[PDB]
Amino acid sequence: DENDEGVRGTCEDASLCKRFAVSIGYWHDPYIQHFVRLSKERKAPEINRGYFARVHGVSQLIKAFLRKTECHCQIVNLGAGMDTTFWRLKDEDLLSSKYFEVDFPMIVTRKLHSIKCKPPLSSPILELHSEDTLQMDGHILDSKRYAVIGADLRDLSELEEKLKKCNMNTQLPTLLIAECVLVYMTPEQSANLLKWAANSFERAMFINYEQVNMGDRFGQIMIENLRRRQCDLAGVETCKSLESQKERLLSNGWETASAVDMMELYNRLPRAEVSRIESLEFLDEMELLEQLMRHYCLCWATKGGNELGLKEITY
């Protein structure tokens, strides 16, 4: 309980940072402006570059999954926050059969207000809906192609029930996304979640972006710093190394796993992309980026992906 307000506060942080990078042209998002204010104080170049690689990272894995399943699938964004992926997938003509989002009721309430208030958000959902009205009773928005569910991820009975209420199909291939979320719950709770995800789908994928190599002074200072913001990282013990991150996924029901630290990913970016970004802002101290990026990772696991060839997916 005591930590939940602080954890919920992090959604405002990531949203602010993502919009700011977008405003200065790191990537294209015409939808985030409807969810969060434009920060008037800059985020430092390494934060914006860092958020870029994170976004690019997950974006490339999502595209690959959709490609391999020919969009005949489900995507379940876990701890989605102010995620705009639904609308962006609809523009790119890469929409999955249904898009599911999950977060604390408090967060969902913020997101349902924005959706209901602003037609740029609600029309695209209705264009694809069976009804002329979006119905938002409780802390749930349900539609044909898009659902937003208010649930605690640490209570799996609540989670499963509501996804199935929103007619999630167990037999469809399914990509699940935990973009900086698992680290806010206990190691045992995030294991339960991963286990359940692996048990629910014969054909599935999991993207996990979070902290890594946290067993040093840098990681310790971060832990202490986030506690000033009343936000404890309940699952840091799982953020030991890339090896433990891959082992966390395999031990909890998945057949293959891969992980790269964010910097490794940064240096593996296409040169044309690097050139575009590095001409957006000037960063004189690359060692600051280096230190930050080595402490985060992008991991992905699959299971039952033989016929589809999900073993071959890369960022």
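A residue's number is simply how far along the shown sequence it sits, counting from 1.
Here 298 to 306 and 11 to 19 are compared by their mean Cα B-factor, and 298 to 306 comes out higher. Stretches 194 to 202 and 179 to 187 differ in mean CA B factor, with 194 to 202 having the higher one. The residue among 34, 268, 43, 28 whose C-alpha carries the highest B-factor in the deposited model is 268.
Within the group 138, 219, 79, 120, the record's highest C-alpha temperature factor is found at 138. Annotation for residue 63: CA B-factor lies in the middle third of the chain's modelled residues. Per the deposited record, the Cα B-factor of residue 252 falls in the highest third when ranked against the other modelled residues of its chain. Among the modelled residues of the chain, residue 242 sits in the highest third by CA temperature factor in this PDB entry.
Remark: residue 97 belongs to the middle third of its chain, ranked by C-alpha B-factor as recorded. When the modelled residues of the chain are ordered by C-alpha B-factor, residue 225 sits in the middle third.
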